[PDB]
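Peer 1: Chains A and B, in that order, give the protein sequences.
Here the deposited numbering is used: the first residue of the first sequence is 50, the next is one more, and so on.
Here the deposited numbering is used: the first residue of the second sequence is 16, the next is one more, and so on.
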Amino acid sequence: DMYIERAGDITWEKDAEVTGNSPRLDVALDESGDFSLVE
Amino acid sequence: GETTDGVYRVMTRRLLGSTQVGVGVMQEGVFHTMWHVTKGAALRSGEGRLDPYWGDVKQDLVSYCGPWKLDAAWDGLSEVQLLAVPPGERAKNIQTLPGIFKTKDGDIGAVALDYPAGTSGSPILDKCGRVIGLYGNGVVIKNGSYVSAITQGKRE
Ligand SMILES: O=C(Nc1cccc2cccnc12)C1CCNCC1
Numbered sequence: 050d051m052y053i054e055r056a057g058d059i060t061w062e063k064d065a066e067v068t069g070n071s072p073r074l075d076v077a078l079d080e081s082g083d084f085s086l087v088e
Numbered sequence: 016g017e018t019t020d021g022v023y024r025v026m027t028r029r030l031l032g033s034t035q036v037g038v039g040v041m042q043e044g045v046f047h048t049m050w051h052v053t054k055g056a057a058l059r060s061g062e063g064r065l066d067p068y069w070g071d072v073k074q075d076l077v078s079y080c081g082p083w084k085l086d087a088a089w090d091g092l093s094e095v096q097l098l099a100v101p102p103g104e105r106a107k108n109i110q111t112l113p114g115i116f117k118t119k120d121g122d123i124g125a126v127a128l129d130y131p132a133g134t135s136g137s138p139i140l141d142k143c144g145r146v147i148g149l150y151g152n153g154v155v156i157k158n159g160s161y162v163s164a165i166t167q168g169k170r171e
């Protein structure tokens, strides 16, 4: 059995800890909703 | 239960202690999460109950109380913010330019930030704080690291 708790406002926050890259990946989506790298 | 717009943790007590299984977005009285978090199960808020209304395992999306509300899209250009809500830890914005899931059906936004599976459902925002989709469905790449789709549903 499962319950929710509020964790914040959804707001754009200027000067946030920028990170992460921008890969172009070749993927397949299966019937189960699971992505996979198509190679 | 609390209907206030904003982001929520999806908790269970079925396991040891209280475990954060995922995250969701409350907007316009509808709660938006990813299907793999709740499994389409009902939720509690105070002593209130949210019943599933829509869901689809392939899209990996589920709405509670009403239809999907979130119609905003990645512009294909601008950087985005993941409003990450990790287990045990406060809401953290982490700003990134999304990659691209190339599929036989079409190209999808992709954010490459690694976090525990319990972070599944946290929203990704545009420069106007509009939710452009949910973090927590994608793929482990060459590196052993994680890349998530920008998963958005269709409004009606
Ligand atoms: O990738 C998925 N789940 C995750 C979400 C967020 C972070 C993760 C980190 C490592 C591993 N998985 C993560 C999905 C789950 C349900 N569909 C199949 C893959």
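Yeah, the Cβ is synthetic: ideal placement off N, Cα and C, and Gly gets one too.
What separation, rounded to the nearest whole angstrom, lies between the Cα atoms of B/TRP89 and A/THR60?
Peer 2: Going by the C-alpha atoms only, they are around 16 Å apart.
Peer 1: So, using beta-carbon positions, are B/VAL45 and B/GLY81 closer together than 8 Å?
Peer 2: A contact, by the Cβ cut-off of 8 Å.
Peer 1: Is B/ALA132 near ligand 1, going by C-beta to nearest heavy atom under 7 Å?
Peer 2: Result yes, Cβ under 7 Å from ligand 1.
Peer 1: Starting from the beta carbon of B/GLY168, find every residue of chain A whose beta carbon is closer than 7 Å, and list them in chain order.
Peer 2: Going along chain A, no residue has its Cβ under 7 Å from B/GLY168, so there is no contact; the nearest lies around 13 Å.
Peer 1: Between B/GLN35 and B/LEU85, is the Cβ-Cβ spacing less than 8 Å?
Peer 2: No, the Cβ-Cβ distance between B/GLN35 and B/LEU85 is not below 8 Å.
Peer 1: For A/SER81, count the other beta carbons within 10 Å of its own beta carbon; 16 or more makes it buried, fewer makes it exposed. Which is it?
Peer 2: It is exposed - the Cβ of A/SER81 has fewer than 16 other Cβ atoms within 10 Å.
Peer 1: Quick one, are the C-beta atoms of B/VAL40 and B/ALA87 less than 8 Å apart?
Peer 2: Their beta carbons are not under 8 Å apart, which means B/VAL40 does not touch B/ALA87 by this criterion.
Peer 1: Taking CB distances under 8 Å as the criterion, tell me whether B/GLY121 reaches chain A.
Peer 2: By this cut-off, B/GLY121 is not an interface position.
Peer 1: In chain A, what lies closer than 8 Å to B/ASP75 by C-beta?
Peer 2: Correct list: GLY82.
Peer 1: Do A/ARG73 and B/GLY121 have their C-beta atoms within less than 8 Å of each other?
Peer 2: Not a contact, by the Cβ cut-off of 8 Å.
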